[PDB]
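Student: What follows is a single structure, and I will ask about it in a moment.
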Amino acid sequence: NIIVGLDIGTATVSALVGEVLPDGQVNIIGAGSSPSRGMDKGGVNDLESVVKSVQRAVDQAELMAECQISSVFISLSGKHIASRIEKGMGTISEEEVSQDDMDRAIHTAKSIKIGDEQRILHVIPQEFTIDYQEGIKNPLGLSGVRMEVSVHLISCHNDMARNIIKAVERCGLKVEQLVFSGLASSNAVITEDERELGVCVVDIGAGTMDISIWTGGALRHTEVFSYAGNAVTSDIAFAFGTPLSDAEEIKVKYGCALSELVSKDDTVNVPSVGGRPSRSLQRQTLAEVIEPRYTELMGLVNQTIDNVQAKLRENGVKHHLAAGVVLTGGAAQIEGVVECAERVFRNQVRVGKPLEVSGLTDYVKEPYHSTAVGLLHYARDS
Ligand SMILES: Nc1ncnc2c1ncn2[C@@H]1O[C@H](COP(=O)(O)OP(=O)(O)OP(=O)(O)O)[C@@H](O)[C@H]1O
Ligand SMILES: [Mg+2]
């Protein structure tokens, strides 16, 4: 069957077509990419711009798969993404847990007073409890009288999700499911082995950075900040008086996250606006602009872990990340992220990349594809 994932980002839009296989693997058949215009902080700013930009990437990806695209799996992120842990319970009719006995138990967990500005997009039943038998992941067929569930809720702003959905429908597609950007990137960068000990995946992009914490194989918290790779590009464009279109080229090419990792002999050529000569600038001086901003972006991540570990260690649940912090997304490709993050996070830090991709491994390499390939891992589960 044909499977499609769509990552509408603040900088680039990525579309991926894939095939389902018996063992549970994703054979990617087609890939598409296009720059995104009219998009800020994870949400849209110009609807007509993203409709063309998301049709540009979805048209070159169906050509590269020889099949028309109908249903897609889109991703969305933003500061409105909130995570809630809720508990539900219910009786067990006939002393044998069926599917109805769980939906009624999950229904009680997600029936909360949320409002209307918010809408829930993920409901993740984690651990069940059938009559003093705690720690049960899938209680189908088990015998008992009463069950208890702890369900993880992830909600988002409704109006900021309606704008993203309309851009996909305006192209002639139908959305099958909306996936959180940090949850998809997590589900395609770390392995189940990395989930048992503990991990903290961050998806630093252009508009937003997406945080996900797994301590034991279950999502423990979800938090999103609207400061990312575009807030540091402006820092370059401001401190040196150059356009953002030019300050972005001297960041992708000559960017460094730690000023003590570039020699004093490295010089970069920053242009000038209007038609004036381009003066040479020390790459170390440019790295001295990128470093203080990247450490603040990780201070928000490090203080989020501290507040979550204080709610997990003080609650009788696994709380330590023995595998450290994993950095994915386009902004995690700048020189020195590993050494800049290890200086703020006491734990180890690595940079994740989409793994175990079958075919088309010439465009599914760098970590700015982790979200798009995480939607494929989410659409495989059907
Ligand atoms: N080699 C590089 N060095 C430094 N920064 C880079 C590099 N390559 C890309 N970036 C940064 O990556 C950012 C966008 O990358 P990415 O594809 O992860 O974003 P996105 O998915 O569109 O955004 P979002 O997080 O809003 O979904 C840009 O701000 C750019 O500055
Ligand atoms: Mg992204």
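According to the authors' numbering, the residues represented by the sequence shown are 8 to 389, in order. Ideal Cβ positions, reconstructed from N, Cα and C, are used throughout, including at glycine.
1) I need the straight-line Cα distance from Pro146 to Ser82, nearest angstrom please.
2) So if I measure from each beta-carbon to every heavy atom of ligand 2 and keep distances below 5 angstroms, which residues remain?
3) Straight-line CA distance for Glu199 to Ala213?
4) Comparing C-alpha positions only, which one of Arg126, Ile88, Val130 and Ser377 sits nearest to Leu334?
5) For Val186, count the other beta carbons within 10 Å of its own beta carbon; 16 or more makes it buried, fewer makes it exposed. Which is it?
6) Going by C-alpha distance, which of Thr215, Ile220 and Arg177 is nearest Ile197?
7) Closer than 8 angstroms: is that where the CB of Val364 sits relative to any heavy atom of ligand 1?
8) Would you say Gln340 touches ligand 1, meaning its beta carbon is less than 8 angstroms from a heavy atom?
9) Using the rule of at least 16 other Cβ atoms within 10 Å of the residue's Cβ for burial, across every protein chain shown, is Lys48 buried or exposed?
10) So what does DSSP say about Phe352, is it helix, strand or coil?
11) Is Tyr375 near ligand 1, in the sense that its beta carbon is under 8 angstroms from a heavy atom of that ligand?
12) Quick check on the DSSP output: the beta strand (DSSP E) that includes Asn276 runs from which residue to which?
13) Does DSSP put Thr229 in a helix, in a strand, or in coil?
14) Looking only at its own chain, which residues have a Cβ that is under 7 angstroms from the Cβ of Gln32, when we skip the five neighbours before and after it?
15) What does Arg126 pair with, by DSSP beta-bridge criteria?
Tutor: Short version:
1) Taking the first residue of the sequence shown as position 1, residue 146 is located at position 139. Taking the first residue of the sequence shown as position 1, residue 82 is located at position 75. About 30 angstroms.
2) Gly16, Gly212 and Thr378
3) Against the sequence shown, residue 199 aligns to sequence position 192. Against the sequence shown, residue 213 aligns to sequence position 206. When rounded, the distance between both Cα atoms is 28 angstroms.
4) Counting from one through the sequence shown, the residue named residue 334 turns up at place 327. Considering only alpha carbons, the answer is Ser377.
5) Taking the first residue of the sequence shown as position 1, residue 186 is located at position 179. Answer is buried; the Cβ neighbour count reaches 16.
6) The residue labelled residue 197 in the question sits at position 190 within the sequence shown. Out of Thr215, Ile220 and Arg177, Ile220 has the C-alpha closest to the C-alpha of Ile197.
7) For the purposes of this step, residue 364 is taken as residue 357 along the sequence shown, with counting starting at 1. No.
8) For the purposes of this step, residue 340 is taken as the residue at position 333 of the sequence shown. Under cutoff, so the answer is yes.
9) The sequence position of residue 48 within the sequence shown is 41, counting from 1. It counts as buried.
10) Here residue 352 corresponds to residue number 345 of the sequence shown, with the count starting at 1. The answer is coil: DSSP assigns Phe352 none of H, G, I, E or B.
11) On the sequence shown, residue 375 is found 368 positions in, with the first residue counted as 1. Distances between the C-beta of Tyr375 and the heavy atoms of ligand 1 include at least one below 8 angstroms.
12) Counting from one through the sequence shown, the residue named residue 276 turns up at place 269. It spans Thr274 to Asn276 - the beta strand (DSSP E) in which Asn276 sits, taken as one unbroken run.
13) As a first step, residue 229 must be located in the sequence shown, where it is residue number 222. Reduced to three states, the DSSP call for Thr229 is strand.
14) Working through the sequence shown from its first residue, we reach residue 32 at position 25. Same-chain partners within the cutoff: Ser365.
15) Counting from one through the sequence shown, the residue named residue 126 turns up at place 119. Answer is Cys163.
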